[PDB]
Asker: 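The structure's right below; bear with me while I get my questions together.
Letters A, B, ... mirror the listed sequences (proteins, then strands); counts begin at 1.
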Amino acid sequence: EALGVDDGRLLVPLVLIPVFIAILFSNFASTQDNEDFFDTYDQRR
Amino acid sequence: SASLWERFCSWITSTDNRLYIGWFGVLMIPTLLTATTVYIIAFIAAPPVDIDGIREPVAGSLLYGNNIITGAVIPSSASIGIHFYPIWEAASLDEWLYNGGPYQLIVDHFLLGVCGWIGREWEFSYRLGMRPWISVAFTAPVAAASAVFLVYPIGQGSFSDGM
Amino acid sequence: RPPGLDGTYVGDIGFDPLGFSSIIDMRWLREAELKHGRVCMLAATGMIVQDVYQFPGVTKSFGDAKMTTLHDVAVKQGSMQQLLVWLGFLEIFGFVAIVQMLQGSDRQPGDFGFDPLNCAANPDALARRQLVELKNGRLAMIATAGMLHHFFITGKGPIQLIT
Amino acid sequence: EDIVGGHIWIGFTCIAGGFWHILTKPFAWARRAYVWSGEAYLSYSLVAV
Amino acid sequence: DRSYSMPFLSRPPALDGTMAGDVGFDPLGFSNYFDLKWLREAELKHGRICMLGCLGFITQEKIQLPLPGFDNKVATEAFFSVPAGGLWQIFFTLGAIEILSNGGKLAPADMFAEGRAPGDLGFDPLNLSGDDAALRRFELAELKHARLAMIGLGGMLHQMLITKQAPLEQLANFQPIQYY
Amino acid sequence: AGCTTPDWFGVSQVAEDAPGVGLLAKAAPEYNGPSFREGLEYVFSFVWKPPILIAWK
Amino acid sequence: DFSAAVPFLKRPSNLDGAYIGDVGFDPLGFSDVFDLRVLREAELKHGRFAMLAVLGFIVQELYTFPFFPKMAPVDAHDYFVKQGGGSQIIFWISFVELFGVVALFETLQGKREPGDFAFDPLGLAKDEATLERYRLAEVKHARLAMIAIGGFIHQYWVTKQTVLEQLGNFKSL
Amino acid sequence: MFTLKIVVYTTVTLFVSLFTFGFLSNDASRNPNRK
Ligand code: CLA
Ligand code: CLA
Ligand code: KC2
Ligand code: KC2
Ligand SMILES: CC1=C(C#C/C(C)=C/C=C/C(C)=C/C=C/C=C(C)/C=C/C=C(\C)C#CC2=C(C)C[C@@H](O)CC2(C)C)C(C)(C)C[C@H](O)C1
Ligand SMILES: CC1=C(C#C/C(C)=C/C=C/C(C)=C/C=C/C=C(C)/C=C/C=C(C)/C=C/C2=C(C)CCCC2(C)C)C(C)(C)C[C@H](O)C1
Ligand SMILES: CC1=CCCC(C)(C)[C@H]1/C=C/C(C)=C/C=C/C(C)=C/C=C/C=C(C)/C=C/C=C(C)/C=C/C1=C(C)CCCC1(C)C
Ligand SMILES: CC1=CCCC(C)(C)[C@H]1/C=C/C(C)=C/C=C/C(C)=C/C=C/C=C(C)/C=C/C=C(C)/C=C/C1=C(C)CCCC1(C)C
Ligand SMILES: [Mn+2]
């Protein structure tokens, strides 16, 4: 059951891959200015 | 430019590609390509499918005596109903082909692909600075396809009732 | 003369073929030497005595027992656990003393203040007794090692070889 | 019993999230990802409903 | 001039005597092509994880939690005997600890952007870094223990895979490899 | 009171001039050198282009 | 014609007396086609392997460990190929040769004498004259063992007898 | 059948994660009127 996960090994792609990409995304996120802007969207990128 | 992920995002959302990819295309292209190749392979050489579930298969493949007009990917078996039927949920590949599993595969990947196409039309409209409501127009054939492929089997209780 | 080995420490004859004093603090080395020597004095005395007295009730508890076999029986009984925990409790404050000595204090290696009989009143007597303690401790290390390995080869105590 | 327990969880989770959103501000990942206007919030509510 | 670790190979250009644990051992030019701070942080992280892993290898053989499924002498089999939900809880907790320690700076381009020193995560409940010489000697001891624990954990894990026996348990009744 | 005592400091029995002891604690070299991708390419060149055969020239 | 070892063949162009054992013996063209440092490194490695091989060929026949069966050296290579000990020896020799690659790369660059690994634990060859004498002895023994190990192996392959077993009861072909 | 399932799960998770983190990378700023 759960997310179609009838074998524990299936949890390895479902966690390691989202984390790894997130780590890459972290290198993006730390680069961006994370201050408030008070606008409809943030043009700083 | 700033980071590897930033370079990947710039390439994905680039307007310099011959065909725009975008984030919606990141989901659209694999699903559409999978559904396309599975549909071609099934239309050419799929085994007959017991659509009615009473052990009388119906042939819809070219190699089994069909032409272009009479050829089709037969809907899933009535014994399956609307149960999720991937390849790994069948005892054998022959059993999966016999119960109309490729129909479910093509239908699901095609619905994901057309949703991605709606989103990708919006995405390229936003990238080009134009108005975004072409995707609203394209929702109607997508709605019709989902009604004839997904909604009607859900209401009737079996993918065998799908088109 | 070996580098890093000054004459300010008693029992020095400039004996250091391997530069242990050049890579390790001499205070730590002298503290370790004195602790090893005192432990070996007690160990050699005990190994000699255990072949003679054996105490009132130990005979029916441990049978006969000897040396390594005595350690093996006593760890199973519980005497070794008690000795280990109490000597570890003492060695906690020994560790504190070593740390304070290395941090800079009036304490010297081997100076635990254990002089209940006031035998250190005469300074020259204490100076002689430091060398006496060092040499008897080194002899005790050699003798304990000899008794241990002689028991390994023959399974006899220090007195069973003599008698 | 499952319905009542799930509604217990939903009610307490909604209370906790309401107090959270009252006492907090959207994080950096949330601020850069969403459009902050009335029509955007309307669209979010529309897809939810 | 010379490495003093391999006296036939010359000192690596990036390995000065500034960093702790530096005996000039870098036969492959990793320091020339990779940041030394990143290399030291990775080395310290691997070694600290291995120190904890060796301590766990000894302790789990010696002591087990009374919870069901937690009673396996062999650590490699104890990984699969323990419920996977607990292991994923551990993984998520360690990931949160890593993210909080680095403050979102998980890449070599930004991990040391604010400095922070290689391997200095701010964990020092006892102020044992006050003395500079003591801190340098403690750094050398930490690096030596880290490398020794890496090698020892590798050995214990592979021997556990071969013999299906816990390390201290395997030391008794040695039973050479061809027996299995 | 946070161990802010003049007598409070760590102690090691090893000599401070022993090999492996760094000159300064917590060294942070600048590394104005090659990027990470060049390092990965160098590590791959270890296995597809090692200096083994250039000696016989 | 001053090769000093073969009087009619002249000294080779780059075979000056800088290297130990340089008697001018290079009739074929090899030092003019390859680097002399690499050639000396290869010569020393071949000779050291051959010296260890000759000593092993003597010792294994004279005494084999309480473990492993009683075997001839070539049969020993085959048995340890199929057992796993040969894989271990190959692994560790390859591990040492991994840094030997870097040493040879240095020798190509410079700052390292060919065949010099600074390996001298017992502190022998004190002073330069003793070092030169030991270098000459090392090179001569290396070449002699290079010939001798091939002699041992081919004689075992032909007569099916080990070397000291062949020394007595010669049994000429 | 398990290996096919793990391959499909890996592929789907990779593509979904790419989609999710791509639309989290300030997608609104990727317009021609952004300054
Ligand atoms: C109507 C209710 C409502 C609304 C509009 C919001 C809106 C918001 N919340 Mg709040 N929140 C709510 C309820 C709500 N919250 C409740 C009840 C809780 C308690 C659990 C929270 C706890 C909470 C936290 C702790 C945080 C937010 C944050 C946010 C912001 C970004 C959320 C985001 O990107 O989603 C991201 C959505 C996902 C990643 C998807 C998660 C889906 C989970 C795994 C369940 C999946 C179910 C199912 C399998 C898939 C959906 C099926 C569907 C058909 C139902 C946004 C302003 C964030 C923020 O920036 O604020 C500080 C933040 O950190 N919220
Ligand atoms: C949510 C989970 C999570 C997250 C986000 C992080 C985040 C991070 N971790 Mg990880 N970590 C976690 C959980 C997590 N940790 C857990 C649970 C453990 C186990 C206790 C670790 C163990 C760990 C180690 C040991 C290291 C990190 C490192 C890092 C940092 C760099 C990440 C990176 O680029 O690796 C992306 C992923 C990779 C690059 C793949 C791994 C590389 C492979 C395994 C190397 C294989 C070498 C090979 C076997 C040897 C060759 C043999 C020869 C014969 C050829 C980053 C802050 C590293 C760091 O700080 O570097 C400075 C580091 O060294 N972490
Ligand atoms: C140090 C890492 C770590 C942290 C930070 C942490 C925090 C929390 C919190 C937050 C404060 C809650 C609320 C919580 C609750 C539970 N944890 Mg726990 N937890 C951690 C580690 C482990 C391990 C290794 C196991 C475990 C377990 C359970 C079970 C039992 C389920 C059941 O009853 O069967 C429940 C309810 C076991 C498990 O899940 O087995 C299926 C088990 O092996 N946890 N845990
Ligand atoms: C302080 C001096 C002293 C020491 C340091 C010491 C050490 C040990 C150790 C340490 C390794 C063991 C294991 C041990 C064991 C026994 N002792 Mg003993 N013991 C000491 C003194 C006395 C006295 C005064 C008596 C006595 C006795 C017993 C009995 C009784 C039952 C039995 O005989 O079966 C047993 C089992 C009583 C007795 O009946 O002795 C025949 C008795 O009056 N012990 N004793
Ligand atoms: C930093 C910090 C602090 C701290 C701290 C801590 C937490 C310190 C903890 C340190 C630890 C646990 C170090 C552990 C090292 C383990 C090793 C080296 C294992 C080696 C195994 C080997 C060699 C082996 C083996 C084996 C092999 C391979 C196979 C077998 O056949 C044989 C054998 C069994 C021999 C504190 C709070 C104090 C204060 C501070 O303000 C900040
Ligand atoms: C394949 C195989 C393996 C193997 C193997 C091995 C190690 C094979 C190696 C064989 C070797 C090293 C043969 C050596 C030949 C050297 C010769 C003929 C030079 C002689 C010197 C001369 C002529 C000197 C001439 C001279 C003299 C003094 C005077 C004139 C001048 C000068 C030219 C200098 C195993 C055993 C592992 C088993 C496996 O199952 C298969
Ligand atoms: C982050 C991000 C990605 C990229 C795009 C983006 C737009 C920038 C953004 C998107 C974000 C998006 C798309 C966010 C949207 C996320 C969604 C749709 C989250 C759904 C949450 C629903 C939950 C947890 C249901 C709980 C129900 C329960 C407990 C029921 C209990 C029940 C009760 C009551 C009754 C009985 C039955 C039971 C079942 C027991
Ligand atoms: C299977 C399994 C079990 C449980 C489940 C699991 C967690 C999923 C998984 C674990 C997987 C894990 C965690 C696997 C981890 C496996 C590990 C840690 C392998 C490490 C091996 C270390 C080696 C080979 C170092 C050797 C040192 C040498 C040669 C030193 C040389 C030296 C140098 C250079 C210096 C000079 C001297 C000498 C001595 C020459
Ligand atoms: Mn119908």
Asker: With rounding to the nearest 0.5 Å, note down the distance linking CG in G:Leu167 to CG in G:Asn169.
Answerer: 11.0 Å
Asker: State plainly whether the residues G:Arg40 and G:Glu43 are in salt-bridge range, i.e. N to O under 4.0 Å.
Answerer: yes
Asker: Does G:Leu62 have more than 12 heavy atoms from other residues, nucleotides or ligands lying within 6.0 Å of its CG?
Answerer: yes
Asker: Give the minimum heavy-atom separation between E:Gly24 and E:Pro12, together with the two atoms involved.
Answerer: O-CD, 3.6 Å
Asker: Counting only heavy atoms not in G:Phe119, do more than 12 fall under 6.0 Å of its CZ?
Answerer: no
Asker: Going from CG on E:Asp26 to CE on E:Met6, what distance comes out if it is rounded to the nearest 0.5 angstrom?
Answerer: 9.5 Å
Asker: Test ring-ring contact (aromatic ring centres under 6.0 Å, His included) on G:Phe80 and G:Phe68 and set out the steps.
Answerer: CA-CA 9 Å; G:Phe80 282 92; G:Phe68 311 138; 4.7 Å; yes
Asker: How about G:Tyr19 and G:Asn14: does a side-chain donor come under 3.5 Å of a side-chain acceptor?
Answerer: no
Asker: Using only atom types and a distance under 3.5 Å, with no angle test, would you say the side chain of E:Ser3 pairs donor to acceptor with the backbone of E:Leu9?
Answerer: no
Asker: Should we say atom CZ of A:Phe20 is surrounded by more than 12 heavy atoms from elsewhere, each under 6.0 Å from it?
Answerer: no
Asker: Look at the side chain of E:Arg11 and the backbone N and O of E:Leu15, then say whether any donor-acceptor pair between them is shorter than 3.5 Å.
Answerer: yes
Asker: Checking E:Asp110 side chain against E:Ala107 main chain: does a donor-acceptor pair fall under 3.5 Å?
Answerer: yes
Asker: Can you tell me how far CG of B:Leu4 sits from CZ of F:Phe36, rounded to the nearest 0.5 angstrom?
Answerer: 11.0 Å
Asker: Donor-acceptor check, side chain of G:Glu61 to backbone of G:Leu164, threshold 3.5 angstrom: yes or no?
Answerer: yes
Asker: Look up atom NE2 in G:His141 and atom CG in G:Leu136, then write down how far apart they are to the nearest 0.5 Å.
Answerer: 10.0 Å
Asker: Is there a side chain to side chain contact (heavy atoms under 4.5 Å, CB included) between E:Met51 and E:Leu55? Walk through the geometry before answering.
Answerer: CA-CA 6 Å; E:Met51 286 188 270; E:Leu55 190 55; over 6 Å; no
Asker: Compute whether any side-chain donor of one residue and acceptor of the other, for G:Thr162 and G:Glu165, lie under 3.5 angstrom apart.
Answerer: yes
Asker: With a 4.5 Å cut-off on side-chain heavy atoms, are G:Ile93 and G:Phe49 touching?
Answerer: yes
Asker: Rounded to the nearest 0.5 Å, how far apart are CD of E:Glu41 and CG of E:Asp120?
Answerer: 9.0 Å
Asker: Between the main-chain N or O of F:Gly22 and the side-chain N or O of E:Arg136, is there a donor-acceptor pair closer than 3.5 Å?
Answerer: yes
Asker: Counting heavy atoms not belonging to G:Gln109, are there more than 12 under 6.0 Å from its CD?
Answerer: yes
Asker: If the plane angle is over 60° it's perpendicular, under 30° parallel, otherwise tilted; pick one for A:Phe25 and A:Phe28.
Answerer: tilted
Asker: Give me the atom names and distance for the closest heavy-atom approach of G:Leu15 to G:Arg11.
Answerer: O-NE, 3.1 Å
Asker: Looking at G:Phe117, I'd like to know if the NZ or CZ of G:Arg112 sits under 6.0 Å from its six-membered ring centre while staying within 45 degrees of the ring's axis.
Answerer: yes
Asker: Thinking salt bridges, do G:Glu41 and G:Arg37 make one under a 4.0 Å N-O criterion?
Answerer: no
Asker: Should we count CD1 of E:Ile177 as having more than 12 external heavy atoms under 6.0 Å?
Answerer: no
Asker: Taking the ring centre of each residue, are F:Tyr42 and F:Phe46 less than 6.0 Å apart?
Answerer: yes
Asker: Atom CZ of residue position C:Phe20 - does it have more than 12 heavy atoms of other residues, nucleotides or ligands inside 6.0 Å?
Answerer: no
Asker: Under the criterion side chain to side chain contact (heavy atoms under 4.5 Å, CB included), I'd like the reasoning laid out for F:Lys26 against E:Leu135: C-alpha separation, chi angles, the key distance, then a yes or no.
Answerer: CA-CA 9 Å; F:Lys26 301 175 182 178; E:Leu135 179 52; 4.0 Å; yes
Asker: Establish, from distance only, whether the side-chain atoms of F:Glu41 and F:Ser45 form a donor-acceptor pair under 3.5 Å.
Answerer: no
Asker: Go through the side-chain N and O atoms of E:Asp16 and E:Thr18 and say whether any donor and acceptor fall under 3.5 Å apart.
Answerer: no
Asker: I'd like to know if the side chain of E:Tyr180 and the backbone of E:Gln175 have a donor-acceptor N/O pair within less than 3.5 Å.
Answerer: yes
Asker: What heavy-atom pair brings G:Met51 and G:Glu138 nearest, and what distance separates the two atoms?
Answerer: CE-O, 4.2 Å
Asker: Which pair of non-hydrogen atoms, one from E:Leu140 and one from E:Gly21, has the smallest distance, and what is that distance?
Answerer: CD1-CA, 3.7 Å
Asker: Once you measure the plane-to-plane angle for B:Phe8 and B:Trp11, does it fall in the parallel (<30°), tilted (30-60°) or perpendicular (>60°) bin?
Answerer: tilted
Asker: Treating E:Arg40 as the side-chain partner and E:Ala117 as the backbone partner, does any N or O pair qualify as donor plus acceptor under 3.5 Å?
Answerer: no
Asker: Do the rings of F:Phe44 and F:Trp48 sit parallel, tilted or perpendicular, given the 30° and 60° boundaries?
Answerer: tilted
Asker: Within 45° of the ring axis of F:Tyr31 and under 6.0 Å from its six-membered ring centre, is that where the NZ or CZ of E:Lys37 lies?
Answerer: no
Asker: Less than 4.0 Å between a side-chain N and a carboxylate O, is that true for E:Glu139 and E:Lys144?
Answerer: no
Asker: Describe, in one word, how the ring planes of G:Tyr63 and G:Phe65 are oriented to each other, choosing from parallel (under 30°), tilted (30 to 60°) and perpendicular (over 60°).
Answerer: perpendicular
Asker: Donor-acceptor pair, distance only, cut-off 3.5 Å: does the side chain of E:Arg116 make one with the backbone of E:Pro118?
Answerer: no
Asker: Restricting to non-hydrogen atoms, name the atom on G:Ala50 and the atom on G:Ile149 that form the minimum distance, rounded to 0.1 Å.
Answerer: CB-CG2, 3.8 Å
Asker: Answer yes or no: does atom NZ of G:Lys111 have more than 12 heavy-atom neighbours from other residues, nucleotides or ligands under 6.0 Å?
Answerer: yes
Asker: So, are G:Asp1 and G:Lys10 salt-bridged, with charged N and O less than 4.0 Å apart?
Answerer: no
Asker: On a heavy-atom basis, which atom in E:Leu44 and which in E:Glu142 lie closest, and how many Å separate them?
Answerer: CD2-OE1, 3.7 Å
Asker: Please check if the side chain of E:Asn102 supplies one atom and the backbone of E:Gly104 the other of a donor-acceptor pair under 3.5 Å.
Answerer: no
Asker: Around E:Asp1, counting heavy atoms of other residues, nucleotides and ligands shown, do more than 12 lie under 6.0 Å from its CG?
Answerer: no
Asker: Tell me if a side-chain donor or acceptor on G:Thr64 pairs with a main-chain N or O of G:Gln60 at a distance below 3.5 Å.
Answerer: no
Asker: Are G:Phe34 and G:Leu39 close enough, and set up right, to give a side chain to side chain contact (heavy atoms under 4.5 Å, CB included), and what steps lead you there?
Answerer: CA-CA 7 Å; G:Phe34 296 103; G:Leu39 286 171; 4.2 Å; yes
